[PDB]
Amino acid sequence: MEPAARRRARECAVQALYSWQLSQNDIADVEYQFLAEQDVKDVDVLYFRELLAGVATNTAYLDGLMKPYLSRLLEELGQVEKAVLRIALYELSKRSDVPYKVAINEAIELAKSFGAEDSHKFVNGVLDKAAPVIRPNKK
């Protein structure tokens, strides 16, 4: 993998899931409003829709997976990093149509683009531990 449109869908999903984390608006309204107001002409919109819905309907599960790796943090996990890790863990656990290495690499790139200094190193470290548990075949 993967097509540029799918990459762009995951980018937009980080933005929209950040929106949802901060606004607490209904995810159906977040999906509608984001797609009505953002330029998505280069996006795999179906994949974007499926990502929001999936992360939204599995958030307790995803945050549960994430929790142990956050045990050492003195500060609350950043909102962008939380969105990136939710998406990455969701893709690893439910979107096995996304290759293992793509899910990981694209998460690191999203953290590099949107995240705090060294965000991408933190994300790499979490996924290095969590990903082989979710997909033991590493594919």
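In case it trips you up, residue 1 is the first one in the sequence shown, and so on.
* To do: Would you determine, from the values in the PDB entry, which of 60 to 68 and 29 to 37 has the greater average C-alpha temperature factor?
  => Per the deposited B-factors, the answer is 60 to 68.
* Asked: Mean CA B-factor: is it higher for 71 to 79 or for 97 to 105?
  -> Higher mean C-alpha B-factor: 71 to 79.
* Assigned third (lowest, middle, highest) for the C-alpha B factor of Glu91 -> Its C-alpha B-factor, which the entry lists for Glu91, ranks in the lowest third among residues of this chain.
* Asked: In terms of the CA temperature factor given in the entry, to which third of its chain does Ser19 belong: lowest, middle or highest?
  -> Lowest third - that is where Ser19 ends up once the chain's C-alpha B-factors are sorted.
* Taking the chain's C-alpha temperature factors as the reference, tell me which third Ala13 falls into: lowest, middle or highest. => Its C-alpha B-factor belongs to the lowest third of this chain's values.
* Third of chain Cα B-factors occupied by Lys139 -> For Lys139, whose C-alpha B-factor we compare with every modelled residue in the chain, the answer is the middle third.
* Asked: Should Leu46 be placed in the lowest, middle or highest third of its chain by the C-alpha B factor in the entry?
  -> For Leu46, whose C-alpha B-factor we compare with every modelled residue in the chain, the answer is the middle third.
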